[PDB]
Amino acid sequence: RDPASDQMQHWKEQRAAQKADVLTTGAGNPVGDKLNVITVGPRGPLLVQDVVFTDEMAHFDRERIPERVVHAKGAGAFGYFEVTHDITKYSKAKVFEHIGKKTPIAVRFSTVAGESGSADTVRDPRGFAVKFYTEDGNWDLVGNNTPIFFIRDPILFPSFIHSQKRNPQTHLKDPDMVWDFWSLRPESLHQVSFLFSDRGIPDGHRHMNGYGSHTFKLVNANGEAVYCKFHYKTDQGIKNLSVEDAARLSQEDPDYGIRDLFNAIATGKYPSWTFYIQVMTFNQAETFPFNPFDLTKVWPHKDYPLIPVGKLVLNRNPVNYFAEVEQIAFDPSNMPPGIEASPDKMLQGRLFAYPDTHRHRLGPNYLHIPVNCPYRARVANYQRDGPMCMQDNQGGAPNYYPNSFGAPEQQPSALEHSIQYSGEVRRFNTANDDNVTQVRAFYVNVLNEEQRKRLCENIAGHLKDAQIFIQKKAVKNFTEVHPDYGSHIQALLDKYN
C-alpha cells in the first residue's frame, strides 16, 4: 500500500526483533493487566484502588484541547529555507545573511471556516504558515494562499469569521450571513473574486502559492528601511480541483490534503517553493495610487518586480501529529531584527491576536512546547513561572531588570525602526477606500473568458440561497466592478430563482 496506510507496519518493522516495552502507568509503575478492571468478585462492582484504570481513563478524558478559532483543519510538515540570493541591502535579518544559509522550518497548511473533521477539498482560502527557527529567535511568516484578504480593518475580523461559520441558533452554514456581510462590506470584492475563481480549491497543498499578504518592513545594517511583500511560488506548479472533483473528494477522502502531503514526502517527492520579495521605498509608498498598507490591494508586478531570495523545502513528515501539528503556534509578532511590521491595520491587529489566542488554546507557556521553542536561540529574560512551566524556569537567575547581578542585558543593535506619523489619533473610516479598481483588472486581465464564466457560475451557485434583497445588493457591487460581471451573475441567479 501507500506510505501513510503502512504507518504502523513500518513502525513495527523498525522495532525488528526488539521485545515490547513494559506497559506502565503515567507515573512509570509497571502494569500487570491493562485488559480487565478490579472488581469485588467476577460480577461485583469496580474498586477505587484500581488506579491503573483511573490513571488511563482520566488522561483519555483530557485528550482534547480547543481547536484553532479559524484554520482548524490542517496538515503539517518540516524542512528548511535556503538563501539563494543576496538581499542584505534591504534586510539585516540573520535568516538572509549569506547565500547558501539554511534555516530549519516548520509549516502548517489549512482551510479556514471548517472545524476539525471537516473536508480538505472545499472552497476557502488556504493557510500556509512558516516558522523559521533562526539564531535571532523564531520568525513566523503566517501566510495564506492569496496576496490579499476580504477586509482592511481588524475590528471587522470576528464578524467576518462569524458570518463564514455556523448560524448561532441552528448551527448550520448560512448563505444570508455570508452574503449579507460581503454585500454590506464591498471591500471584500477583490478576495471574493479570487476565492470564487479556479484557485479557490487547490489540488492539495503542494499546488498553491503562499503569500505574506501584508506589506512588511525590512531594515538593513545602516538603519535604512523599505517596505516589502513576501511571495513563495510553488515549484510543483499551480493545479486546482474542479468543483465536481472537489465535491467527490470531500466525501471520498475528507483528509485529501493531509494524505497527499504525507505521501509526497514519504516517497521522496519533497515539495518546494521559490521565495521572493517585492520592494517599495518610502518615497514610492507616498505615490502609490492606493494605500500601500491596504490588505485588499496588491502591488502590480510590472511596477514592483519579484526579487528572488531563496527556497522553502519540506522534506520531513510529523512523527506525532498532535505534538507537532495540532500544538504548533505561529505568531505574526515573532519577527527578528531586520524584519518589522508595517502600519497595515490588519497586520497590527494580528500582532495582538495570535499570542493572545495561543495563551488560551495551548496555555500561558505555549512557547515551551517543543515545536514552538526557538531552539536555535538562547531564551534569556525576566519572565518566570506560569502553568506547566516545563523548563528549568531560568533557575536562580536574578529576576528583575535592571540589576547589578549579571542577568540578561538588552542589545541596542536590536532596537526597532523609528518613524514619524502625521494626523490625529482616532478612528479613520476606510470603508470607502477603493473597492473596485483592482478587482476590475482581475476580472478583465487576470482571468480569461472561460475563467470568468466559471467564476460567475461559482458565485451564483452559492449566492442563490441568500434572500433576494441580499442577491440584489451583491449584484450591485459586482456590476460596479464590471457590468458583465454583475449581469452574468444575475442571469444565473434568475435561472436558479
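Counting begins at 1, following the sequence as shown. So that the term is clear: the rigid core is the largest set of C-alpha atoms that superpose within 1.5 Å between two forms.
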Core-superposed in 4 other deposited structures of this protein, which stretch deviates more in Cα positions, 306 to 314 or 419 to 427?
419 to 427
Which of the two stretches, 16 to 24 versus 471 to 479, has its Cα atoms farther on average from this form in 4 other deposited structures of this protein when everything is superposed by the rigid core?
16 to 24
For the C-alpha atoms alone, is the average B factor greater in 213 to 221 or in 385 to 393, going by the entry?
385 to 393
Tell me which stretch has the larger mean Cα B-factor in this entry, 248 to 256 or 149 to 157.
248 to 256
Peak C-alpha temperature factor (PDB record), options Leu184, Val319, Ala77, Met280
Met280
If I read the C-alpha B-factors straight from the PDB entry, which of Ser163, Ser110, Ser333, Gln411 is highest?
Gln411
Using the B-factor values recorded in the entry, state whether the Cα atom of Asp434 falls in the lowest, middle or highest third among the modelled residues of its chain.
highest
In terms of its chain's C-alpha B-factors, the third that includes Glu135 is the highest
Quick tally, chain-level thirds of C-alpha B-factors: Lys472 sits in the highest
Splitting the chain's C-alpha B-factors into thirds, which one does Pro289 fall into?
highest
Can you tell me whether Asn372 has a C-alpha B-factor in the lowest, middle or highest third compared with the other modelled residues of the same chain?
lowest
